[PDB]
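Trainee: Quick one: the structure is below, and I'll ask about it shortly.
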Amino acid sequence: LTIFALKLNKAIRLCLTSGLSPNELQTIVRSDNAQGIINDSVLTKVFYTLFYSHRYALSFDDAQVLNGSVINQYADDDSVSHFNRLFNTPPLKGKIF
Amino acid sequence: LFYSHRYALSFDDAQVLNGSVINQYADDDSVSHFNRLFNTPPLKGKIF
Amino acid sequence: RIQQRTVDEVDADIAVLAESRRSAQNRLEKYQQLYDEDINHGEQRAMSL
Amino acid sequence: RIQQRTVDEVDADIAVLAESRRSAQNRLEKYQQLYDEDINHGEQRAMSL
Amino acid sequence: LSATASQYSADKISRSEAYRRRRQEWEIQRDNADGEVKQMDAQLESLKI
Amino acid sequence: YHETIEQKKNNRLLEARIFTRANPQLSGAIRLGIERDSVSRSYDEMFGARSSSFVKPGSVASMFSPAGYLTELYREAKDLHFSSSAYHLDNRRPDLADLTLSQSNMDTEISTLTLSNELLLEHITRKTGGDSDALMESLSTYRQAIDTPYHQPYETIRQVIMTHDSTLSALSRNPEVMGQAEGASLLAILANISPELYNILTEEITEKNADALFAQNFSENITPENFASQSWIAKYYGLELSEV
Amino acid sequence: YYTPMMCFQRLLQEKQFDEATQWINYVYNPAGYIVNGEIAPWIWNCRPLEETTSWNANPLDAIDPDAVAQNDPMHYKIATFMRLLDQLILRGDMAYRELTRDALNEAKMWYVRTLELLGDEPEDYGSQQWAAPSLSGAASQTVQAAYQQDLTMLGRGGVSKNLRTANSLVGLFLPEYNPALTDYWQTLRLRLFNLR
Amino acid sequence: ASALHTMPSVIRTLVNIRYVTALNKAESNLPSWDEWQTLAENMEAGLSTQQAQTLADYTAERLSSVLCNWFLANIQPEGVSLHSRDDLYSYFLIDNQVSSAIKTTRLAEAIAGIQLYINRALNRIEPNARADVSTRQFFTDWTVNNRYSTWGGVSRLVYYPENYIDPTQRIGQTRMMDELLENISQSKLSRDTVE
Amino acid sequence: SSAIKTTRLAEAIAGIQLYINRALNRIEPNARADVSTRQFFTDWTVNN
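Chains as they are written, first to last, in the numbering used here: chain A, 1 to 97; chain B, 1001 to 1048; chain C, 2001 to 2049; chain D, 3001 to 3049; chain E, 4001 to 4049; chain F, 5001 to 5244; chain G, 6001 to 6196; chain H, 7001 to 7195; chain I, 8001 to 8048.
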């Protein structure tokens, strides 16, 4: 259990010190890479998304898209995801693809 | 007293103005004038 | 002429407030008499008997 | 001159509000005591008898 | 007959206490009337200036 | 036990009586209605002028003032647990025994945080044996805690910079000086990452140094056996289970 | 004692003054008493109060100011006096409502009456001189034991020995002035400063 | 420099801190501990008074939280299973996460701590209670001695019964005098009525 | 303050009343207690 504990410690320390939500860190790390690991690039995305959030007054989604990442198809999924916020409220007439 | 009247200042301000020094020991049951100038609050440590 | 009419208006309002004052002081002094007399001799007799 | 007089007017108005403030405050205090006293010993004795 | 006399005494003191409460109400409402009187007296001087 | 309780009550009564007699407040034409007893003189000579000694209400020296109330409180409380056990008042708050009872001590006004902080400092420095500055320096590189490291000058800078202008918008209006400031410093002064916070966030995790990093990232008493429990993670970070 | 007190208190509660004073003069009168066309030699008009007799033994069994006062009658003494000057103050409030010049003089007369009868207020003495012990020393069991022992000896005995008690055992507390008396003193002083 | 109301040298220095911490960039310009302190000292020098109080407040709270955490994770005195913030609150008999907006005096704090200790003792929430001493006289009246005001009233009773003496009603009365009392309870008592 | 206005008669009333009151309460030493018992002084309550 050691390595997973180290990973979770890293992420939880970051989010608690940074006002970041678990899904937000999920999205930013996935957008950085499918590894789920952290490097300078992850913290780069973190900083710039929060900076643009502060200045232009947008949510975490808009900033994360702005930094160079993609629009996330699979958010928390207990609520409407970001992608379906963009193109699925409502569907035009049929289901999206 | 004249300066307190004109410039609308408390006593100690005029006291300093007249040529006397900043009083480092007032009533001492409250903050002295010196510690009113340099000790509200201390910056990070105790003054010297 | 217009300003003559406006000063007339404020004079009328003065009169309005004045009769307001008369009504208020009437209510006041009626209350004051009613309060000072407190309890008259009828209720005194009621309690005594 | 006219504007000096309008300042005079607002000063009169704030004084009026101050007097009405005192009146309402007196009503408040008298009601507060009248509430806190609640039931005096007269009614307690009525109940006891 | 002890009980009936006690009932009588109870209602008479209770009635007197009700009178006293009415007296308090009259007093406060007269005070409030006076407050309004002087307040609108001040309104008068504001209006005349 | 009876004889003792009536003894205390009688002593209280005699003190009260003798005190009421010599009250200078009662002069007063009613002074002409009070006398001087032999017991009055006896108390006079035994306790000197204490009988004539009174205080203004609201002073420390009063027996009804909070000072005497606390004196009685501690007098009673001093024995609720055996000296040996860890619940002894002298053990838990040794500095409470030597608290002076002065007018300044009950008049002055200081925040609860100040006293709490200095008491915690006193215990920590009692343990390690160092001073405040060494403690702060250790904190700047301490890793084994949910709040460590704690770079007080750094957070002060962050707080003041947020005070003057958040987002450094005016700073953005000076792009030439931005040829020298990169994103790293701006992140440091926008979010809460101390240098050691960066070091812990940007250190690779592999098994070759796994336990070593674990040792660096936790206290000895913490182990993955401890970590496995969800309630344990919630109480370790003070978070909610639904959140974890 | 109790019934004249009763009638006087009820009369004062009903804003009634003069027959109330006439009533309270039954038990006490600062102007003394007239019997047989002559000035009385006694001071208070209640014999038990003059003789200072107690009719309770163990008053601290319950929490009753009645018990304590009955165990030492002179408390009762000052109590009545207290209530007495009380109506004096209540006179002024009535005399002051009408804001009329003659009633103004009457109110000043009442206030000088209570001023003269009240005497001279004393002031703080012990606080400047009292030393400041540590809490532990203040709660020293030995000092409290010594004081209690001194008190018991004084009570059942009254021995003159230990002329000095070595005040260096500064661990006791001092009696505090009755707040009600200071309340009335400040009341009179504020109303007088107002009146001038 | 004027935007921050400060010197150009210190803004140079703040920008000079390449926050890359031993490579991934030029190099680590991380200031030493004392250099950090001096930079902070100078930087905050141009701050007003109410802002000074706000900074003192924020720093005091942060330091309090860090200290509490550190004491949890470091020193574990035997005899207590202190495992949270409120555990330290109870064992050190003083609150540790209150806002700084609250102010008090030493005596008030000591009063509160000792009260809470006594209360903890009585309810047997504390192990190894010396139950022999819990039966003392003072604790019997703990209902009326848990408060300073109530204690003051009951103490000031015996020495000054006059403040609390009420002629109007007392206990021990004879219903005969009570009947007098209710017979003199009318709205207005003229001479002959009281007679 | 001089804001108080009065007449010689009113002040004389006040002074003499205060003298009588001081005498009656035995605040003044050496009172001629024989004359203090006069009929006028019995009704001092309604003659004050």
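Beta carbons: idealized from backbone N, C-alpha and C, even for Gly.
From the DSSP output, in three-state form, read off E5072/F for me.
Mentor: On the sixth sequence, position 72 is the one that residue 5072/F refers to. Helix at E5072/F.
Trainee: Which chain G residues sit within Cβ distance under 7 angstroms of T7168/H?
Mentor: Taking the eighth sequence and counting its residues from 1, one reaches residue 7168/H at position 168. The answer, in chain order, is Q6009.
Trainee: Any beta-carbon of chain D closer than 8 angstroms to the one on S7100/H?
Mentor: Here the question's residue 7100/H lines up with position 100 in the eighth sequence. It does not: the Cβ of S7100/H has no partner Cβ on chain D nearer than 8 angstroms.
Trainee: Measure how close the beta-carbons of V7098/H and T5112/F come, nearest whole angstrom, since I'm counting them as under 8 angstroms.
Mentor: Here residue 7098/H refers to the residue found at position 98 when the eighth sequence is read from its first residue. Here residue 5112/F refers to the residue found at position 112 when the sixth sequence is read from its first residue. Confirmed, Cβ separation roughly 5 angstroms.
Trainee: Return the CA-CA distance between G3042/D and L6012/G, expressed in angstroms with no decimal places.
Mentor: Along the fourth sequence, read from residue 1 onward, the residue named residue 3042/D stands at position 42. Along the seventh sequence, read from residue 1 onward, the residue named residue 6012/G stands at position 12. Taking the straight line joining both Cα atoms gives about 15 angstroms.
Trainee: If we cut at 8 angstroms on Cβ distances, does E2037/C have a partner in chain E?
Mentor: Residue numbering aside, residue 2037/C sits at position 37 when the third sequence is read from its first letter. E2037/C does not count as touching chain E.
Trainee: Note down, in chain order, each residue of its chain lying with its Cβ closer than 7 angstroms to the Cβ of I6039/G, except the 5 sequence neighbours on either side.
Mentor: Here residue 6039/G refers to the residue found at position 39 of the seventh sequence. Same-chain partners within the cutoff: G6032.
Trainee: Output, in sequence order along the chain, the residues in the stretch 6166-6187 of chain G whose CB is closer than 8 angstroms to any CB in chain F.
Mentor: Going along the stretch 6166-6187 of chain G in chain order, one finds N6167, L6172, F6173, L6174, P6175, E6176, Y6177, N6178, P6179, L6181, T6182 with a Cβ nearer than 8 angstroms to chain F.
Trainee: Consult DSSP for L3028/D and reduce its assignment to one of helix, strand or coil.
Mentor: Sequence index remark: in the fourth sequence, residue 3028/D carries index 28 (1-based). DSSP places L3028/D in helix when its eight states are reduced to three.
Trainee: So, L6172/G versus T6114/G, is the Cβ gap smaller than 8 angstroms?
Mentor: Position 172 of the seventh sequence, counted from the start, is the residue given in the question as residue 6172/G. Position 114 of the seventh sequence, counted from the start, is the residue given in the question as residue 6114/G. Their beta carbons are not under 8 angstroms apart, which means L6172/G does not touch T6114/G by this criterion.
Trainee: Contact criterion: CB-CB distance below 8 angstroms. Does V5244/F meet it with respect to chain H?
Mentor: What you label residue 5244/F is simply residue 244 of the sixth sequence in a count that begins at 1. Not closer than 8 angstroms to any Cβ of chain H, the Cβ of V5244/F fails to qualify, so no.
Trainee: Quick one: what does DSSP say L20/A is sitting in, helix, strand or coil?
Mentor: Working through the first sequence from its first residue, we reach residue 20/A at position 20. It is coil, neither helix nor strand.
Trainee: Would you decide whether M3047/D is buried or exposed? Buried here means 16 or more other CB atoms lie within 10 Å of its CB.
Mentor: In the fourth sequence, counting from the first residue as 1, residue 3047/D sits at position 47. Exposed, because fewer than 16 other Cβ atoms sit within 10 Å of the Cβ of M3047/D.
Trainee: Hey, out of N5117/F, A5145/F, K5127/F, whose CA is closest to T7059/H's CA?
Mentor: By one-based count along the eighth sequence, residue 7059/H stands at place 59. Among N5117/F, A5145/F, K5127/F, the Cα nearest to that of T7059/H is on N5117/F.
Trainee: Closer than 8 angstroms between beta carbons: that is the criterion. Which residues of the stretch 5149-5169 of chain F meet it against chain A?
Mentor: Under the 8 angstroms Cβ criterion, the stretch 5149-5169 of chain F contributes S5166, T5167, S5169.
Trainee: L5089/F lies in the alpha helix (DSSP H); which residues open and close that run?
Mentor: Working through the sixth sequence from its first residue, we reach residue 5089/F at position 89. Counting along the chain, the alpha helix (DSSP H) containing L5089/F begins and ends at 5089-5092.
Trainee: Compute the Euclidean distance between the alpha carbons of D61/A and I71/A, then round it to the nearest angstrom.
Mentor: Within the first sequence, numbered from 1, the residue matching residue 61/A stands at position 61. Within the first sequence, numbered from 1, the residue matching residue 71/A stands at position 71. Computed Cα separation, rounded: 8 angstroms.
Trainee: Reducing DSSP to helix, strand and coil, say where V6027/G ends up.
Mentor: By one-based count along the seventh sequence, residue 6027/G stands at place 27. If DSSP states are grouped into helix, strand and coil, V6027/G belongs with coil.
Trainee: Quick check: the Cα distance between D6064/G and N5011/F, rounded to an integer number of angstroms?
Mentor: Stepping through the seventh sequence from its first residue, residue 6064/G is reached at position 64. Stepping through the sixth sequence from its first residue, residue 5011/F is reached at position 11. Approximately 18 angstroms, taken between the alpha carbons.
Trainee: Starting from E7195/H and walking both ways along the alpha helix (DSSP H), at which residues does that stretch end?
Mentor: As a position in the eighth sequence, residue 7195/H is number 195, starting the count at 1. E7195/H -> no alpha helix (DSSP H), and no H or E assigned at all.
Trainee: Mapping DSSP to helix, strand and coil, what is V2007/C?
Mentor: Here residue 2007/C refers to the residue found at position 7 when the third sequence is read from its first residue. Helix.
Trainee: Could you work out which residues of chain G lie near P5024/F, taking near to mean beta carbons separated by less than 7 angstroms?
Mentor: Position 24 of the sixth sequence, counting from 1, holds the residue named residue 5024/F. Those are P6122, listed as they occur along chain G.
Trainee: Pick out the complete alpha helix (DSSP H) segments inside the stretch 7079-7109 of chain H, 4 residues or longer, and give them in chain order.
Mentor: Counting only runs of 4 or more, we get 7085-7091.
Trainee: Which residues does DSSP list as the beta-bridge partners of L6174/G?
Mentor: Counted from its first residue, the seventh sequence places residue 6174/G at position 174. Partner(s): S5062/F.
Trainee: Would you mind giving the Cβ-Cβ distance between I7094/H and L5115/F, rounded to the nearest angstrom? I have them listed as a contact below 8 angstroms.
Mentor: Translated into positions along the eighth sequence, residue 7094/H becomes position 94. Translated into positions along the sixth sequence, residue 5115/F becomes position 115. 7 angstroms between Cβ atoms; contact.
Trainee: Buried or exposed: where does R2045/C fall if 16 or more other Cβ atoms within 10 Å of its Cβ makes it buried?
Mentor: One-based indexing of the third sequence puts residue 2045/C at position 45. Under this definition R2045/C is an exposed residue.
Trainee: Which residues, in order along the stretch 5171-5187 of chain F, keep a beta-carbon less than 9 angstroms from a beta-carbon of chain A?
Mentor: Listed by position along the chain: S5172, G5183, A5184, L5186, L5187.
Trainee: Using a Cβ-Cβ cutoff of less than 7 angstroms, which residues in the same chain neighbour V42/A once the five nearest sequence positions on both sides are dropped?
Mentor: Indexing the first sequence from 1 puts residue 42/A at position 42. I28, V29, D32, listed in sequence order.
Trainee: What are the residues in the stretch 7043-7065 of chain H lying within 7 angstroms of chain F by C-beta distance?
Mentor: Listed by position along the chain: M7043, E7044, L7047, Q7051, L7055, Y7058, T7059, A7060, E7061, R7062, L7063, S7064, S7065.
Trainee: Using 8 angstroms as the threshold, is the C-beta distance between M5136/F and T6165/G below it?
Mentor: The sequence position of residue 5136/F within the sixth sequence is 136, counting from 1. The sequence position of residue 6165/G within the seventh sequence is 165, counting from 1. Not closer than 8 angstroms, so no.
Trainee: For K1046/B and chain H, any beta-carbon pair shorter than 8 angstroms?
Mentor: Reading the second sequence from its first residue, position 46 is the one you call residue 1046/B. For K1046/B, the answer is no, since every Cβ of chain H falls outside 8 angstroms of its Cβ.
Trainee: Among the residues of its own chain, which have a CB less than 8 angstroms from the CB of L7082/H, if the five just before and after it don't count?
Mentor: Locating residue 7082/H in the eighth sequence gives position 82, where the first residue counts as 1. Counting only Cβ-Cβ distances below 8 angstroms, and skipping sequence neighbours, we find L7072, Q7076, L7088, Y7091.
Trainee: Starting from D6066/G, follow the alpha helix (DSSP H) in both directions and report where the run begins and ends.
Mentor: For the purposes of this step, residue 6066/G is taken as the residue at position 66 of the seventh sequence. Where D6066/G is concerned, the enclosing alpha helix (DSSP H) stretches over 6065-6071.
Trainee: Compare the Cα-Cα distances from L7039/H to each of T5206/F, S5059/F, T5156/F, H5002/F and report the closest residue.
Mentor: Residue 7039/H sits at position 39 when you count from the first residue of the eighth sequence. Nearest option by C-alpha distance: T5156/F.
Trainee: Using the Cβ count rule (16 or more neighbours within 10 Å means buried), how would you classify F47/A?
Mentor: Indexing the first sequence from 1 puts residue 47/A at position 47. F47/A should be labelled buried.
Trainee: At the level of alpha carbons, what is the spacing between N8025/I and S5104/F?
Mentor: Numbered from 1 along the ninth sequence, position 25 holds the residue referred to as residue 8025/I. Numbered from 1 along the sixth sequence, position 104 holds the residue referred to as residue 5104/F. Roughly 45 angstroms separates the two Cα atoms.
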